[PDB]
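Quick notes on the structure that follows.
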Amino acid sequence: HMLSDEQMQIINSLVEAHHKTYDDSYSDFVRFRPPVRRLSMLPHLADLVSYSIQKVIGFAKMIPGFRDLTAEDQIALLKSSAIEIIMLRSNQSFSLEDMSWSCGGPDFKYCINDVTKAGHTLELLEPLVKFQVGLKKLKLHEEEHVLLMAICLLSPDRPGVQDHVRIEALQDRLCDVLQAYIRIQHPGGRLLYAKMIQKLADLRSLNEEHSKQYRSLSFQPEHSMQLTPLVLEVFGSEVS
Amino acid sequence: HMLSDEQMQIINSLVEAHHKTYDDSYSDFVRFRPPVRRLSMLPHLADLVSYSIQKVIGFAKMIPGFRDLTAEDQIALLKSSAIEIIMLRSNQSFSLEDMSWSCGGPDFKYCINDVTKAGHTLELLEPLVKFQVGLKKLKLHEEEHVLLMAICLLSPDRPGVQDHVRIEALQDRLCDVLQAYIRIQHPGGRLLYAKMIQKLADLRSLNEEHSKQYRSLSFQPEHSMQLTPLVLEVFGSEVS
Amino acid sequence: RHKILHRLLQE
Amino acid sequence: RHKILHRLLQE
Ligand SMILES: C=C1CC[C@H](O)C/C1=C/C=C1\CCC[C@@]2(C)[C@H]1CC[C@@H]2[C@@](C)(O)CC(=O)NC(C)C
Ligand SMILES: C=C1CC[C@H](O)C/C1=C/C=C1\CCC[C@@]2(C)[C@H]1CC[C@@H]2[C@@](C)(O)CC(=O)NC(C)C
């Protein structure tokens, strides 16, 4: 088989979207509150997540059909999926040699111990690192990495979503281009689609654990005051 | 005349309170989002104001009788007076030679042009610098500088204040210790009390202009997102 | 509600 | 309301 012109255009739009929103130089990281190694890493990691939310929003706006959804559906999709998209895009800086997210220099190299200094426990950090290792070992083509982030974002099974039918038709079409892409373009990829779909289920589990950890810090005003207004909006519980 | 033991104890408590909350080394400034010289200075100056609000709160908690007020009256007093106390305590770093706030190194030296890079116009910055120059020329003893900040904070004529009678009795007693202090301890200070009281009226005018400027940036979400949660609470319009 | 989110989602 | 302010004003 061969993939069509429509499926090819979807791929081009999604990889362009990612290149426009993921900065491989990590040059804006110098603008965050500096890393410090009680909760010494929270200011820096809150600025990092806030910055990453902005990029996820930018990325989502460029996904074919996302802008056509109501502002309420776009908001419901981003509030539920943002942390899962952050965990996926972070895989690009994750290093198997160091078991850490390496964003250029040693100042922006984050290990398990650095993340516990932002208030997280091993209940989240152990499955998070296991997920990063597992994802990295899949050796995803950039086309597959960007489709997985778009599939994750366009999931209709999220709280507060109204146009379920439309969102499912968008996700289904993306899943079709991914399966076709793996089959035609990825040599030895016969079990890959099933593996990527399983990573989406691992992400639901990570999102749950993350929501518990976020509730723990957001309920302590001395810690929630270190977050940014965008993190408070997106990880918050308000309903539109 | 001579000042009493009660008035002496008030003075000691207020100067101790200031030394505990004003860091002459400016060593925490390295932890803010770095200064950058659209609205390039906003991240740094929002972190500076957020930090300064925390210090004003700490200072207020140590003013004799402030802790005895209801949480609602403490909140009403801080929301109205915070920016005026920030403008007063900032006088300690203000330099007449540079017409700028000098907080150690050149990175933490703020001139009129740096502040316009946080979204402020000359409508506020011209009277603000004129006030800083005027205050600095008064050559206030540290005892007088700390009494003026406490008098400013304990002003009963603020929106949302309930126990007006109690707050006025606290401010009156502070005004009495200031007049007595100037008369007995400040040589050639016969016109000083009247000058310091006028600075309080200049501060009401600056607070007005500041509220307009803050409304202008807080109404633009791309700019309000650069503020911290504590700045949004304290400069916000919510009523308790 | 979602003041920042609405603005970042515009155009 | 004033979640951070209440906490910073405690004790
Ligand atoms: C966000 C990106 C994308 C760009 C680069 O690849 C670097 C990167 C790393 C992400 C990491 C390493 C640090 C800790 C984080 C960012 C984790 C992903 C999730 C985790 C959390 C759990 O700490 C997020 C969080 O919720 N933080 C709190 C402190 C608000
Ligand atoms: C806050 C302190 C105390 C400790 C030191 O002495 C330094 C200092 C300086 C204060 C300044 C110099 C920068 C601009 C400010 C801090 C101004 C006081 C008011 C002004 C404003 C108008 O910009 C505040 C403001 O509202 N900022 C916006 C960006 C949120």
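Lettering follows sequence order; numbering is per chain, from 1. All values below come from the heavy atoms of this structure, side chains included, with hydrogens, waters and symmetry mates left out. Remember, it's 1-based here, ligands and their atoms both numbered in the order they're listed.
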*Less than 3.5 Å between some nitrogen or oxygen of B/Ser93 and one of ligand 2, yes or no?*
yes

*atom 24 (C) of ligand 1: the protein heavy-atom neighbour that sits closest, reported with distance to 0.1 Å*: A/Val49 CG2, 3.5 Å

*N/O of A/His120 under 3.5 Å from N/O of ligand 1, yes or no?*
yes

_If we count only N and O atoms by modelled type, under 3.5 Å, do the side chains of B/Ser90 and B/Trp101 hold a donor and an acceptor together?_
yes

*Closest to atom 14 (C) of ligand 1 (judged by heavy-atom distance), picking from A/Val115, A/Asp23, A/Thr116*: A/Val115

*For ligand 2, is there an atom lying under 4.0 Å from some heavy atom of B/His210?*
yes

_Among all the protein's non-hydrogen atoms, which is closest to atom 12 (C) of ligand 1, and how far away is it?_
A/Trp101 CD2, 3.4 Å

*Looking only at N/O atoms, are A/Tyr110 and ligand 1 under 3.5 Å apart anywhere?*
no

*asked:* Measuring only between side-chain heavy atoms, which start at C-beta, is B/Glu222 closer than 4.5 Å to B/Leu39?
replied: no

*Heavy-atom contact under 4.0 Å between B/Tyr214 and ligand 2?*
no

*Decide, yes or no, whether a salt bridge links D/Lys3 with B/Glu233 under the criterion of side-chain N to carboxylate O below 4.0 Å.*
no

_Protein heavy atom at shortest distance from atom 18 (C) of ligand 1_ = A/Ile86 CG2, 4.0 Å

_Mode of A/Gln213 contact toward ligand 1 - side chain, backbone, both, neither (heavy atoms, under 4.0 Å)_ = neither

_Within the 3.5 Å criterion, strictly below it, is a donor on A/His19 or A/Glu142 matched to an acceptor on the partner's side chain?_
yes

*Is it true that the side chains of B/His18 and B/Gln92 contain a donor and an acceptor less than 3.5 Å apart?*
yes

_Please classify the B/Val231 to ligand 2 contact at 4.0 Å (heavy-atom distances, strictly less than): side chain, backbone, both or neither._
neither

*Does B/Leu42 have a heavy atom less than 4.0 Å from any atom of ligand 2?*
yes

_Using 30° and 60° as the class boundaries, would you call the ring planes of B/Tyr214 and B/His210 parallel, tilted or perpendicular?_
parallel

*Give the residue and atom name of whichever protein heavy atom lies nearest to atom 10 (C) of ligand 1, and the separation in Å to one decimal.*
A/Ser90 CB, 3.5 Å

_Are the side chains of B/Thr121 and B/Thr116 in contact, using a 4.5 Å heavy-atom criterion?_
no

*Take every heavy atom of B/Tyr22, measure it against each atom of ligand 2, and state whether any distance is under 4.0 Å.*
yes

*asked:* Please work out, at 4.0 Å between heavy atoms, whether the side chain, the backbone, both, or neither of A/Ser52 comes within that distance of ligand 1.
replied: side chain

*asked:* I'd like to check A/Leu230 versus A/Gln54 (side-chain heavy atoms, cut-off strictly below 4.5 Å). Are they in contact?
replied: yes

_Evaluation steps, side chain to side chain contact (heavy atoms under 4.5 Å, CB included), between B/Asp202 and B/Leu135_ = CA-CA 10 Å; B/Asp202 290 352; B/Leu135 222 202; over 6 Å; no

_Option of least heavy-atom distance to atom 20 (C) of ligand 2 (set: B/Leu45, B/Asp114, B/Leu128)_ = B/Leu128

*asked:* To check your reading of the model: name the closest protein heavy atom to atom 30 (C) of ligand 1, its residue, and the distance in Å.
replied: A/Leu227 CD2, 4.1 Å

*Under the 3.5 angstrom rule, does the side chain of A/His145 hit a backbone N or O of A/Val15 as a donor-acceptor pair?*
no

*Return yes if some donor-acceptor pair links the side-chain N/O of B/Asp23 with the main-chain N/O of B/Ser25 below 3.5 Å, else return no.*
yes

*Check ligand 1 against A/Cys103 and write out every atom of the ligand that is under 4.0 Å from a heavy-atom position of the residue.*
5 (C), 7 (C)

